[PDB]
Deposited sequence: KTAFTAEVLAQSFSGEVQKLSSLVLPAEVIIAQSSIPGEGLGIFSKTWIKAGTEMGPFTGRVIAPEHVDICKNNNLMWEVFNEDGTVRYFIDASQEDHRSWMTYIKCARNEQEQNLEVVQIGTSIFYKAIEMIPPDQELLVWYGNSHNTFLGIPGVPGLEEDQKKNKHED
């Protein structure tokens, strides 16, 4: 698996106007992004129970991470336009490409499974 770090904007992506109605900027692929590519860690403030649940082993919510160039990736409104899934590694949040992503396609993230 390719690993894109959340520190500095990867060569594999650029920022341009989001194809989605409300939010202005978005992340667009610049090269092919292979299936399984993981991006992160997504960093932010830990909030007691842009924001993602960090889960316990039993599937309950432990806390929220509230916010990187990753903060420019907009949310998929539905599974059809989703091409990134939130994955938890330990208590860290990564985004993972569900499938191969073609060049010049907006990166849109949501919950998986």
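Of the deposited sequence, positions 1 to 16, 66 to 75, 94 to 99, 146 to 170 lack any modelled C-alpha atom.
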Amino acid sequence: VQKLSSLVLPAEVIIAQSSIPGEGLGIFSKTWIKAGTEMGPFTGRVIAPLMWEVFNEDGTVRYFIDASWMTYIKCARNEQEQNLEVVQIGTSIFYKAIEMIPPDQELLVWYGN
From here on, numbers count along this sequence of modelled residues.
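Checked against the record, the higher mean CA B factor of 16 to 24 and 99 to 107 lies with 16 to 24. 40 to 48 and 82 to 90 differ in mean CA B-factor, and the higher of the two is recorded for 40 to 48.
Comparing C-alpha B-factors across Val61, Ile65, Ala76, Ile73 in the deposited entry, the largest value falls on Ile65.
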